[PDB]
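A short worksheet on the structure shown next.
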Amino acid sequence: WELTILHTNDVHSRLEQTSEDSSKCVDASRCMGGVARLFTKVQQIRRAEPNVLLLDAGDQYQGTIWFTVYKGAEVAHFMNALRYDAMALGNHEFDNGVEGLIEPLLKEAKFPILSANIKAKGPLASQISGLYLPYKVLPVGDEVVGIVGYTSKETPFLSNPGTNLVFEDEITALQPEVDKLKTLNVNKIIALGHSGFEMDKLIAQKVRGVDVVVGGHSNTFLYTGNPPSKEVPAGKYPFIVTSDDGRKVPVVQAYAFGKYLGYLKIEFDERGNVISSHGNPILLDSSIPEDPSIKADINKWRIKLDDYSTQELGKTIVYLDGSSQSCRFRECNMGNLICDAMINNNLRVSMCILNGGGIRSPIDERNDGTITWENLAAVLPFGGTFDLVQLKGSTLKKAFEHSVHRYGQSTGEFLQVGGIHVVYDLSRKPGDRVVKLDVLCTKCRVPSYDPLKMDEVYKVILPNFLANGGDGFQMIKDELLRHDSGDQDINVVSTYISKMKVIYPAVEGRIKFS
Amino acid sequence: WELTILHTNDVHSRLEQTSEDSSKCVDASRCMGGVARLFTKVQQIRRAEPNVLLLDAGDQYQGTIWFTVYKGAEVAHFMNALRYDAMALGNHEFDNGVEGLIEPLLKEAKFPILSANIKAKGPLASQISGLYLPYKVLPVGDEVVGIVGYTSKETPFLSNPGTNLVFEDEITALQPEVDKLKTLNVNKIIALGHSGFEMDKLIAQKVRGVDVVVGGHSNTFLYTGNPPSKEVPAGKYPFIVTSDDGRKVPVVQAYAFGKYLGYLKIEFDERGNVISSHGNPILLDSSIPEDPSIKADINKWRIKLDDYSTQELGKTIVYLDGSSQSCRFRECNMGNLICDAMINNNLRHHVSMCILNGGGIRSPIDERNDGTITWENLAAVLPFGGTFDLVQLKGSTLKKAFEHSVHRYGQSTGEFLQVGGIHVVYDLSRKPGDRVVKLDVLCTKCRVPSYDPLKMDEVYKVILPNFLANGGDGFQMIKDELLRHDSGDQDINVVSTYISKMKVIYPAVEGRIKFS
Ligand SMILES: N#Cc1ccc(Cn2nccc2-c2cc(Cl)c3nnn(-c4ccc5cn[nH]c5c4)c3c2)cc1
Ligand SMILES: N#Cc1ccc(Cn2nccc2-c2cc(Cl)c3nnn(-c4ccc5cn[nH]c5c4)c3c2)cc1
Ligand SMILES: [Ca+2]
Ligand SMILES: [Ca+2]
Ligand SMILES: [Zn+2]
Ligand SMILES: [Zn+2]
Ligand SMILES: [Zn+2]
Ligand SMILES: [Zn+2]
């Protein structure tokens with residue numbers, strides 16, 4: 001018995017086709033992704049193959065003005081038009097609180113929404129009953145396939161789920177669900193969820209009964225053979241994990257932003273054991289036509305976003321690299337621009353820290369350098385503030401160690417900086433990787449970089465998200481000596497670009513590796 | 001027979017009293033120098049000692065809006081009121097060309113103006129004839145004292161003396177003059193000139209018959225004992241040179257900007273040989289009152305200078321270090337500010353690299369006056385009225401410019417480069433012309449700018465002053481090897497427009513220049 005799995009993850013409000021770097025589509029002839037194109041490819045597979053499932057591994061919420069304006073209503077409408085079979089909750093599904101998940105998405109979706117490790121309590125428990133499920137048993141031809149869902153246990157530190165939801169350990173909560181399916185004679189089981197590639201391999205190894213793992217969160221690109229675009233593979237597609245019960249478990253992910261459609265063909269025996277598997281993500285480029293009916297519908301919804309002011313805030317003569325491949329791994333000029341904008345607005349304090357997890361999109365310079373509100377909203381969508389904090393040298397050293405404590409997994413805590421020169425040695429054990437930390441003096445007439453002192457006190461400008469312990473920055477929230485509310489994030493950056501008129505941020509050696 | 005030599009050098013238009021860093025006077029209670037205070041000190045010494053000479057070793061011209069507006073007429077007027085006995089020509093006396101030296105200074109000074117190594121040719125020979133002299137024999141009581149002048153051989157690369165003036169080697173030109181003085185029965189000889197401390201010491205050692213050397217140009221601070229202010233001594237006052245003809249020759253200098261009055265008391269024998277010498281520069285601080293007559297006259301002349309729009313151009317929240325002790329020796333934030341203003345103004349109407357000679361940065365700016373920056377504060381930093389131009393350069397040409405930048409490091413010369421979009425590391429222990437150990441530059445043929453090592457065979461677009469594109473400060477490799485040269489915007493206007501745009505400025509020392 002053969003099953004075809006079609007899968008998307010971390011679409012992040014890319015409803016329309018985009019530029020290859022997943023920023024706004026300008027040169028339409030070379031544009032990729034979007035739901036209109038995705039529908040054409042999905043229909044080509046469904047008409048050719050008998051047993052097909054279309055799955056989403058979370059983070060459809062947040063990314064463009066489509067979500068700023070429609071707040072998830074666009075997600076339910078277009079995922080329904082594409083006839084997704086199941087979706088697992090991501091951390092971004094909680095960005096507008098529980099109320100912002102229930103009303104636009106859970107009540108309007110015509111497909112099951114899954115998460116086995118999220119438990120509701122108090123008054124909310126009765127209100128959210130049946131709105132999301134731990135699993136779904138789906139008929140596929142004359143057979144049945146069990147799909148078990150999971151969501152990152154880190155969601156309370158990344159989003160707004162509130163106090164009436166408990167995030168259990170993924171492996172602990174998934175085992176009673178898989179066991180229940182096996183007692184119900186469901187021999188084919190897919191683990192679909194949003195925790196990242198490292199947790200996906202752990203679920204494949206330790207959750208007895210799981211046949212295939214379909215994940216997201218880490219924007220992992222897997223490929224077998226010569227890759228078709230700029231994404232570099234982290235391993236082969238699928239990635240094979242040998243479980244603790246000696247079975248080969250395929251693990252898959254399909255990058256992010258709807259650029260690719262994941263495609264895996266599984267050969268099962270009569271007892272639901274995986275005999276073999278093969279496939280690859282499919283690049284959704286201009287050679288695949290956008291579906292005419294979906295496009296016409298996308299255009300109708302686009303009218304409300306078209307009333308947004310298309311006025312030029314300013315110009316860039318350089319590419320503004322806000323890609324996660326850069327800003328979560330190294331110094332990126334978008335990070336330097338925002339940290340310099342933060343310092344400049346406040347002086348109208350020489351040090352700045354900014355998590356890569358907060359930088360959500362790059363900005364292209366080829367459209368006569370024009371920067372609009374729409375371009376900026378995709379970079380800074382959370383509506384947070386840039387606040388003043390007083391920190392000890394020891395707290396600052398702890399935040400920089402946390403910045404790289406699990407380097408290489410594409411996590412949000414990596415820090416972009418202003419008025420700070422940091423050197424990291426990744427060969428050293430976690431918590432002892434900062435080899436050099438020089439900061440700009442304040443008690444000096446002429447500013448210059450001096451070694452950080454553990455017993456000294458520093459004034460830093462950072463997002464209110466980090467002062468509140470976001471991205472696991474617990475040492476900031478617990479040890480800060482002062483915290484003053486600042487100006488709105490996007491407004492600080494638009495004001496800076498308007499004053500400067502022409503911007504040119506560079507990678508100047510603020511972050512170095514040994 | 002006893003003689004007291006009072007001496008100034010590199011006053012650089014500091015007519016009014018200044019802040020101790022020699023920028024604008026704001027907190028008057030702590031202000032120093034100025035001609036009014038100098039007059040009180042000179043008057044105190046003249047009434048105490050019968051045999052006194054007041055000498056200037058050049059570079060009175062250029063430094064503040066006093067020179068922008070009065071163009072040397074303030075120099076002649078106030079040097080006459082102080083009754084200077086003689087002055088040697090400096091490089092800055094040629095900033096407004098030969099016509100700018102002849103009309104307001106040579107024609108109005110009531111004292112001799114000297115230089116034994118400058119020779120006139122062409123039609124100027126007849127025009128300038130006798131306006132400046134190789135020497136002057138001065139009566140001092142019952143005796144006579146010979147004073148021979150000299151000017152830096154480097155002046156054509158630093159100023160505008162023109163094609164009709166020839167600069168000879170100092171030692172070659174001075175010896176025939178000193179020998180002539182001996183035949184004229186002049187047994188006491190002072191060499192007064194503007195070539196720097198290293199040349200002053202060579203003059204003392206090799207020019208037979210010279211008794212004392214009074215110099216300038218290098219802003220050298222000499223002192224015996226504990227110094228009274230922030231200047232660090234380069235040696236004792238006086239510095240003693242053992243001459244080739246077997247004598248002890250004192251060499252003196254008195255820093256710059258009229259902050260100090262050089263004071264040297266000499267004991268001569270009957271044949272004009274130095275028996276002994278002692279003194280020190282006198283710090284002209286608040287303990288010496290300003291002469292009321294000179295002060296009133298200074299206030300009268302300042303009326304026309306206030307007409308300069310006192311409108312706040314912008315604000316600084318940091319000290320703007322444009323001092324020579326910094327910008328001629330290491331990375332200074334005033335240099336970073338100017339190079340950033342040069343790149344920003346050019347990108348307004350892709351050029352990522354900037355070079356700027358420390359010799360072009362003429363004053364710091366203080367942040368304590370509510371951070372206010374005016375046209376007067378700026379005109380003291382950039383007074384030459386030059387432009388910031390676009391040039392195309394080979395990687396080899398740029399590497400050579402950075403080698404020339406540190407080829408004779410430690411003499412406080414102007415060729416040291418301040419940078420923008422460049423990361424340079426020097427190792428001074430190495431031979432000259434092989435001191436540049438690291439040179440990284442910002443890419444231009446990239447979507448994201450980043451630092452990459454310089455390539456000898458590569459071609460770069462640099463913003464620099466027109467002065468450097470024309471071989472100023474000895475940058476012959478720039479003038480001779482550049483591939484393109486476009487005219488730019490006025491230097492001072494580029495910096496003021498940037499400050500007005502930014503509103504609040506805070507330049508830092510970031511590690512653009514490093515030493516190994
Ligand atoms: N503890 C805590 C905590 C404090 C504040 C918030 C505020 N908040 N409510 C919903 C979304 C946001 C929000 C706001 C701002 Cl300004 C953010 N910058 N980055 N970032 C982000 C989002 C996703 C990932 C993935 N990995 N890292 C991430 C970081 C942001 C989330 C949330 C939680
Ligand atoms: N070769 C040649 C050459 C080319 C151009 C000029 C222009 N020029 N005419 C008079 C004064 C200036 C002038 C203009 C500008 Cl913008 C200058 N920046 N620095 N600097 C300077 C002056 C003094 C010292 C001492 N040491 N280094 C110096 C450098 C400047 C002089 C002069 C000569
Ligand atoms: Ca199975
Ligand atoms: Ca003698
Ligand atoms: Zn995501
Ligand atoms: Zn996620
Ligand atoms: Zn001088
Ligand atoms: Zn000079």
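Ordered as shown in the structure tokens, chains take letters A, B, and onward, while each chain numbers its residues from 1 and ligands are numbered from 1 in the order shown.
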
Listing only residues of chain A within 10 Å of ligand 5, what is the closest atom pair and its distance in Å (to one decimal) for each, using only C-alpha atoms and all ligand atoms, sorted by chain and residue number ascending, as JSON lines?
{"residue": "A:9", "atom": "CA", "partner": "ligand 5", "partner_atom_place_in_ligand_line": "1 (Zn)", "distance": 7.6}
{"residue": "A:10", "atom": "CA", "partner": "ligand 5", "partner_atom_place_in_ligand_line": "1 (Zn)", "distance": 4.4}
{"residue": "A:11", "atom": "CA", "partner": "ligand 5", "partner_atom_place_in_ligand_line": "1 (Zn)", "distance": 7.7}
{"residue": "A:12", "atom": "CA", "partner": "ligand 5", "partner_atom_place_in_ligand_line": "1 (Zn)", "distance": 6.8}
{"residue": "A:57", "atom": "CA", "partner": "ligand 5", "partner_atom_place_in_ligand_line": "1 (Zn)", "distance": 9.6}
{"residue": "A:58", "atom": "CA", "partner": "ligand 5", "partner_atom_place_in_ligand_line": "1 (Zn)", "distance": 7.5}
{"residue": "A:59", "atom": "CA", "partner": "ligand 5", "partner_atom_place_in_ligand_line": "1 (Zn)", "distance": 5.1}
{"residue": "A:60", "atom": "CA", "partner": "ligand 5", "partner_atom_place_in_ligand_line": "1 (Zn)", "distance": 8.1}
{"residue": "A:61", "atom": "CA", "partner": "ligand 5", "partner_atom_place_in_ligand_line": "1 (Zn)", "distance": 8.9}
{"residue": "A:62", "atom": "CA", "partner": "ligand 5", "partner_atom_place_in_ligand_line": "1 (Zn)", "distance": 8.9}
{"residue": "A:63", "atom": "CA", "partner": "ligand 5", "partner_atom_place_in_ligand_line": "1 (Zn)", "distance": 9.4}
{"residue": "A:90", "atom": "CA", "partner": "ligand 5", "partner_atom_place_in_ligand_line": "1 (Zn)", "distance": 7.4}
{"residue": "A:91", "atom": "CA", "partner": "ligand 5", "partner_atom_place_in_ligand_line": "1 (Zn)", "distance": 7.6}
{"residue": "A:92", "atom": "CA", "partner": "ligand 5", "partner_atom_place_in_ligand_line": "1 (Zn)", "distance": 7.0}
{"residue": "A:93", "atom": "CA", "partner": "ligand 5", "partner_atom_place_in_ligand_line": "1 (Zn)", "distance": 9.9}
{"residue": "A:194", "atom": "CA", "partner": "ligand 5", "partner_atom_place_in_ligand_line": "1 (Zn)", "distance": 8.4}
{"residue": "A:195", "atom": "CA", "partner": "ligand 5", "partner_atom_place_in_ligand_line": "1 (Zn)", "distance": 9.6}
{"residue": "A:196", "atom": "CA", "partner": "ligand 5", "partner_atom_place_in_ligand_line": "1 (Zn)", "distance": 9.2}
{"residue": "A:216", "atom": "CA", "partner": "ligand 5", "partner_atom_place_in_ligand_line": "1 (Zn)", "distance": 7.0}
{"residue": "A:217", "atom": "CA", "partner": "ligand 5", "partner_atom_place_in_ligand_line": "1 (Zn)", "distance": 4.5}
{"residue": "A:218", "atom": "CA", "partner": "ligand 5", "partner_atom_place_in_ligand_line": "1 (Zn)", "distance": 6.9}
{"residue": "A:219", "atom": "CA", "partner": "ligand 5", "partner_atom_place_in_ligand_line": "1 (Zn)", "distance": 6.8}
{"residue": "A:255", "atom": "CA", "partner": "ligand 5", "partner_atom_place_in_ligand_line": "1 (Zn)", "distance": 9.7}
{"residue": "A:256", "atom": "CA", "partner": "ligand 5", "partner_atom_place_in_ligand_line": "1 (Zn)", "distance": 7.4}
{"residue": "A:257", "atom": "CA", "partner": "ligand 5", "partner_atom_place_in_ligand_line": "1 (Zn)", "distance": 8.9}
{"residue": "A:357", "atom": "CA", "partner": "ligand 5", "partner_atom_place_in_ligand_line": "1 (Zn)", "distance": 9.5}
{"residue": "A:360", "atom": "CA", "partner": "ligand 5", "partner_atom_place_in_ligand_line": "1 (Zn)", "distance": 9.7}
{"residue": "A:411", "atom": "CA", "partner": "ligand 5", "partner_atom_place_in_ligand_line": "1 (Zn)", "distance": 10.0}

### Message
Around ligand 7, out to 10 Å and counting only C-alpha atoms and all ligand atoms, which residues are there? I want them as a PyMOL selection string.
### Response
chain B and resi 9-12+57-63+90-93+194-196+216-219+255-257+359+362

- What residues in chain A lie within 8 Å of chain B, counting only C-alpha atoms, written as a list in words?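 Going by the stated atoms only, the list reads residues 317, 318, 319, 320, 321, 333, 347, 348, 445, 446, 447, 448, 449, 499, 500, 501, 502, 505, 506, 507 and 508 of chain A.
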
- Near residue 150 of chain A, within 6 Å and counting only C-alpha atoms, which residues show up once chain neighbours fewer than 6 positions away are dropped, as JSON, numbers by chain? {"A": [115, 116, 117, 193]}

Take the residues just selected and output them with N, CA and C atoms as an mmCIF file, in the first residue's frame.
data_model
loop_
_atom_site.group_PDB
_atom_site.id
_atom_site.type_symbol
_atom_site.label_atom_id
_atom_site.label_comp_id
_atom_site.auth_asym_id
_atom_site.auth_seq_id
_atom_site.Cartn_x
_atom_site.Cartn_y
_atom_site.Cartn_z
ATOM 1 N N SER A 115 -2.821 18.966 18.219
ATOM 2 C CA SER A 115 -1.797 19.137 19.258
ATOM 3 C C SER A 115 -2.119 18.281 20.467
ATOM 4 N N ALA A 116 -1.357 17.190 20.623
ATOM 5 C CA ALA A 116 -1.483 16.236 21.714
ATOM 6 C C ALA A 116 -0.882 16.722 23.051
ATOM 7 N N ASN A 117 0.112 17.636 23.007
ATOM 8 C CA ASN A 117 0.818 18.111 24.206
ATOM 9 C C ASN A 117 0.341 19.467 24.764
ATOM 10 N N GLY A 193 4.009 17.869 13.522
ATOM 11 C CA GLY A 193 4.129 18.911 14.533
ATOM 12 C C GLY A 193 5.138 20.012 14.325
#

* **Selection as a PyMOL selection string: residues within 10 Å of ligand 2 by only C-alpha atoms and all ligand atoms** => chain B and resi 59+62+91-97+152+154-162+217-218+328+356-362+382-388+412-416+464-476+479+490-491

Checklist entry - Counting only C-alpha atoms and all ligand atoms, which protein, DNA or RNA residues come within 10 Å of ligand 3, given as a VMD selection string? => result chain A and resid 145 to 146 182 186 to 190 208 to 212 247 249 268 to 274

Please save N, CA, C and O atoms of the selected residues as an mmCIF file, in the first residue's frame.
data_model
loop_
_atom_site.group_PDB
_atom_site.id
_atom_site.type_symbol
_atom_site.label_atom_id
_atom_site.label_comp_id
_atom_site.auth_asym_id
_atom_site.auth_seq_id
_atom_site.Cartn_x
_atom_site.Cartn_y
_atom_site.Cartn_z
ATOM 1 N N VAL A 145 -5.343 6.094 8.254
ATOM 2 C CA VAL A 145 -4.063 6.679 8.671
ATOM 3 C C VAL A 145 -4.271 7.577 9.918
ATOM 4 O O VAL A 145 -5.074 8.511 9.892
ATOM 5 N N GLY A 146 -3.528 7.283 10.979
ATOM 6 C CA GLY A 146 -3.547 8.061 12.210
ATOM 7 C C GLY A 146 -2.529 9.190 12.161
ATOM 8 O O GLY A 146 -1.365 8.970 11.820
ATOM 9 N N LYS A 182 -3.087 2.236 18.344
ATOM 10 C CA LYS A 182 -2.686 0.841 18.138
ATOM 11 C C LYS A 182 -3.722 -0.127 18.713
ATOM 12 O O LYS A 182 -4.010 -1.148 18.074
ATOM 13 N N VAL A 186 -5.157 0.910 14.356
ATOM 14 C CA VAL A 186 -4.651 1.881 13.387
ATOM 15 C C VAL A 186 -3.146 1.563 13.298
ATOM 16 O O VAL A 186 -2.406 1.812 14.249
ATOM 17 N N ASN A 187 -2.723 0.908 12.202
ATOM 18 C CA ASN A 187 -1.334 0.464 12.037
ATOM 19 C C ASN A 187 -0.424 1.458 11.290
ATOM 20 O O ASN A 187 0.788 1.249 11.270
ATOM 21 N N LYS A 188 -0.988 2.531 10.698
ATOM 22 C CA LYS A 188 -0.210 3.558 9.989
ATOM 23 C C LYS A 188 -0.308 4.889 10.737
ATOM 24 O O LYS A 188 -1.401 5.454 10.841
ATOM 25 N N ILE A 189 0.818 5.342 11.335
ATOM 26 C CA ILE A 189 0.845 6.547 12.179
ATOM 27 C C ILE A 189 1.918 7.579 11.756
ATOM 28 O O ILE A 189 3.119 7.279 11.701
ATOM 29 N N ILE A 190 1.453 8.821 11.502
ATOM 30 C CA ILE A 190 2.281 9.981 11.169
ATOM 31 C C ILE A 190 2.282 10.963 12.356
ATOM 32 O O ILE A 190 1.219 11.373 12.821
ATOM 33 N N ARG A 208 7.417 4.998 20.363
ATOM 34 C CA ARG A 208 7.098 3.655 19.842
ATOM 35 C C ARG A 208 5.799 3.667 19.034
ATOM 36 O O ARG A 208 4.759 4.062 19.562
ATOM 37 N N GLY A 209 5.889 3.290 17.760
ATOM 38 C CA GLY A 209 4.739 3.228 16.856
ATOM 39 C C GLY A 209 4.684 4.268 15.748
ATOM 40 O O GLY A 209 3.901 4.121 14.802
ATOM 41 N N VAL A 210 5.500 5.337 15.851
ATOM 42 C CA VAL A 210 5.524 6.392 14.832
ATOM 43 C C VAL A 210 6.202 5.865 13.557
ATOM 44 O O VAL A 210 7.315 5.344 13.633
ATOM 45 N N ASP A 211 5.514 5.966 12.402
ATOM 46 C CA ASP A 211 6.067 5.527 11.118
ATOM 47 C C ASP A 211 6.848 6.620 10.383
ATOM 48 O O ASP A 211 7.855 6.306 9.751
ATOM 49 N N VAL A 212 6.343 7.879 10.401
ATOM 50 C CA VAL A 212 6.928 9.031 9.698
ATOM 51 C C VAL A 212 6.771 10.278 10.574
ATOM 52 O O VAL A 212 5.741 10.435 11.229
ATOM 53 N N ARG A 247 13.752 0.322 14.114
ATOM 54 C CA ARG A 247 13.028 0.591 12.866
ATOM 55 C C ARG A 247 13.621 1.839 12.201
ATOM 56 O O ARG A 247 14.116 2.729 12.902
ATOM 57 N N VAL A 249 12.935 5.225 10.591
ATOM 58 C CA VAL A 249 11.867 6.230 10.599
ATOM 59 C C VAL A 249 12.237 7.465 9.745
ATOM 60 O O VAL A 249 13.128 8.226 10.140
ATOM 61 N N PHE A 268 4.134 0.922 2.368
ATOM 62 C CA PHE A 268 3.806 0.201 3.598
ATOM 63 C C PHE A 268 3.448 -1.255 3.268
ATOM 64 O O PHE A 268 2.894 -1.523 2.193
ATOM 65 N N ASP A 269 3.702 -2.192 4.211
ATOM 66 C CA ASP A 269 3.237 -3.576 4.039
ATOM 67 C C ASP A 269 1.797 -3.620 4.587
ATOM 68 O O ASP A 269 1.283 -2.577 5.017
ATOM 69 N N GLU A 270 1.171 -4.810 4.617
ATOM 70 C CA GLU A 270 -0.197 -5.012 5.108
ATOM 71 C C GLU A 270 -0.366 -4.668 6.593
ATOM 72 O O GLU A 270 -1.472 -4.326 7.010
ATOM 73 N N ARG A 271 0.721 -4.766 7.384
ATOM 74 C CA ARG A 271 0.707 -4.493 8.824
ATOM 75 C C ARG A 271 1.162 -3.065 9.195
ATOM 76 O O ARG A 271 1.385 -2.773 10.380
ATOM 77 N N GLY A 272 1.265 -2.194 8.185
ATOM 78 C CA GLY A 272 1.621 -0.791 8.356
ATOM 79 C C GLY A 272 3.078 -0.484 8.631
ATOM 80 O O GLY A 272 3.390 0.605 9.122
ATOM 81 N N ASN A 273 3.990 -1.413 8.305
ATOM 82 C CA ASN A 273 5.427 -1.176 8.487
ATOM 83 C C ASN A 273 6.008 -0.575 7.214
ATOM 84 O O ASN A 273 5.733 -1.064 6.114
ATOM 85 N N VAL A 274 6.811 0.488 7.370
ATOM 86 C CA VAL A 274 7.468 1.182 6.261
ATOM 87 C C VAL A 274 8.522 0.253 5.642
ATOM 88 O O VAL A 274 9.468 -0.159 6.322
#

Surrounding residues of segment 139-147 of chain B excluding itself and chain neighbours under 4 positions, 9 Å, only C-alpha atoms, as a PyMOL selection string:
chain B and resi 1+3+50-53+86+114+134-135+178+181+186-192

Could you take the residues named above and write them with N, CA, C and O atoms, as a short mmCIF file (atom, residue, chain, number, x, y, z; two decimals), in the first residue's frame?
data_model
loop_
_atom_site.label_atom_id
_atom_site.label_comp_id
_atom_site.auth_asym_id
_atom_site.auth_seq_id
_atom_site.Cartn_x
_atom_site.Cartn_y
_atom_site.Cartn_z
N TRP B 1 77.87 89.13 29.50
CA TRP B 1 76.74 89.91 28.99
C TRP B 1 75.52 89.00 28.95
O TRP B 1 75.58 87.89 28.42
N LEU B 3 71.47 88.01 28.07
CA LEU B 3 70.37 88.20 27.13
C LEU B 3 69.17 87.32 27.49
O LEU B 3 69.35 86.13 27.78
N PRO B 50 67.21 94.24 31.37
CA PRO B 50 67.50 95.26 30.34
C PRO B 50 67.70 94.72 28.92
O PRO B 50 67.36 95.42 27.97
N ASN B 51 68.24 93.50 28.76
CA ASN B 51 68.51 92.96 27.41
C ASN B 51 67.53 91.85 27.02
O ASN B 51 67.72 90.68 27.36
N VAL B 52 66.44 92.24 26.33
CA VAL B 52 65.32 91.38 25.94
C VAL B 52 65.05 91.42 24.44
O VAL B 52 65.04 92.50 23.84
N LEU B 53 64.81 90.24 23.84
CA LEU B 53 64.41 90.05 22.44
C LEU B 53 63.11 89.21 22.42
O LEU B 53 63.02 88.21 23.14
N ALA B 86 61.65 90.39 15.72
CA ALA B 86 61.86 89.69 14.44
C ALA B 86 60.93 88.48 14.37
O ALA B 86 60.58 87.90 15.40
N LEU B 114 62.14 87.28 8.30
CA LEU B 114 63.32 86.54 7.84
C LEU B 114 63.13 85.14 7.24
O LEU B 114 62.22 84.41 7.62
N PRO B 134 67.49 87.66 4.56
CA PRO B 134 68.10 86.41 5.05
C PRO B 134 68.46 86.49 6.55
O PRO B 134 68.39 85.48 7.25
N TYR B 135 68.83 87.69 7.02
CA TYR B 135 69.20 88.00 8.40
C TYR B 135 68.93 89.46 8.77
O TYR B 135 68.71 90.29 7.88
N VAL B 178 75.85 82.96 8.12
CA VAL B 178 76.50 82.96 9.44
C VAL B 178 77.98 83.39 9.30
O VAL B 178 78.47 84.17 10.12
N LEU B 181 78.13 87.15 8.72
CA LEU B 181 77.90 87.84 9.99
C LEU B 181 79.19 87.95 10.81
O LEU B 181 79.46 89.03 11.32
N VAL B 186 79.90 90.29 14.06
CA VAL B 186 78.70 89.89 14.82
C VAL B 186 79.06 88.54 15.43
O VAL B 186 79.12 87.52 14.72
N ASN B 187 79.36 88.55 16.76
CA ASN B 187 79.82 87.39 17.53
C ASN B 187 78.71 86.61 18.26
O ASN B 187 78.99 85.53 18.78
N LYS B 188 77.47 87.14 18.29
CA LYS B 188 76.30 86.50 18.90
C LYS B 188 75.26 86.25 17.79
O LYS B 188 74.80 87.21 17.15
N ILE B 189 74.95 84.96 17.52
CA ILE B 189 74.06 84.56 16.42
C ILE B 189 72.92 83.60 16.86
O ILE B 189 73.17 82.51 17.40
N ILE B 190 71.67 84.02 16.57
CA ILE B 190 70.46 83.23 16.81
C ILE B 190 69.90 82.74 15.47
O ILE B 190 69.70 83.55 14.57
N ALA B 191 69.66 81.44 15.35
CA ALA B 191 69.00 80.87 14.17
C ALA B 191 67.52 80.74 14.56
O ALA B 191 67.18 80.07 15.54
N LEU B 192 66.65 81.50 13.87
CA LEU B 192 65.20 81.54 14.12
C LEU B 192 64.48 80.98 12.90
O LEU B 192 64.63 81.54 11.81
#

Counting only C-alpha atoms and all ligand atoms, what are the residues, protein, DNA or RNA alike, that approach ligand 4 to within 7 Å? I want them as a short mmCIF file (atom, residue, chain, number, x, y, z; two decimals) with N, CA, C and O atoms, in the first residue's frame.
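Printed below is selection_38.cif as written:
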data_model
loop_
_atom_site.label_atom_id
_atom_site.label_comp_id
_atom_site.auth_asym_id
_atom_site.auth_seq_id
_atom_site.Cartn_x
_atom_site.Cartn_y
_atom_site.Cartn_z
N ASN B 187 79.36 88.55 16.76
CA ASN B 187 79.82 87.39 17.53
C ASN B 187 78.71 86.61 18.26
O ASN B 187 78.99 85.53 18.78
N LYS B 188 77.47 87.14 18.29
CA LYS B 188 76.30 86.50 18.90
C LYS B 188 75.26 86.25 17.79
O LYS B 188 74.80 87.21 17.15
N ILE B 189 74.95 84.96 17.52
CA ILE B 189 74.06 84.56 16.42
C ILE B 189 72.92 83.60 16.86
O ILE B 189 73.17 82.51 17.40
N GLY B 209 79.13 78.37 14.11
CA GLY B 209 78.92 79.74 14.59
C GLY B 209 77.58 80.06 15.24
O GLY B 209 77.47 81.06 15.96
N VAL B 210 76.53 79.23 14.99
CA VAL B 210 75.20 79.43 15.60
C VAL B 210 75.31 79.24 17.12
O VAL B 210 75.89 78.25 17.57
N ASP B 211 74.81 80.20 17.92
CA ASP B 211 74.87 80.11 19.38
C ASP B 211 73.62 79.51 20.02
O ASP B 211 73.73 78.86 21.06
N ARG B 271 83.45 87.48 23.96
CA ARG B 271 83.66 87.06 22.57
C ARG B 271 82.40 86.44 21.95
O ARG B 271 82.44 85.96 20.81
N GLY B 272 81.28 86.50 22.68
CA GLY B 272 79.99 85.99 22.21
C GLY B 272 79.77 84.50 22.35
O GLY B 272 78.88 83.96 21.69
N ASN B 273 80.55 83.82 23.22
CA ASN B 273 80.39 82.38 23.49
C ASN B 273 79.43 82.17 24.65
O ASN B 273 79.55 82.88 25.66
N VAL B 274 78.50 81.19 24.52
CA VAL B 274 77.54 80.86 25.58
C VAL B 274 78.27 80.21 26.77
O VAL B 274 78.92 79.17 26.60
#
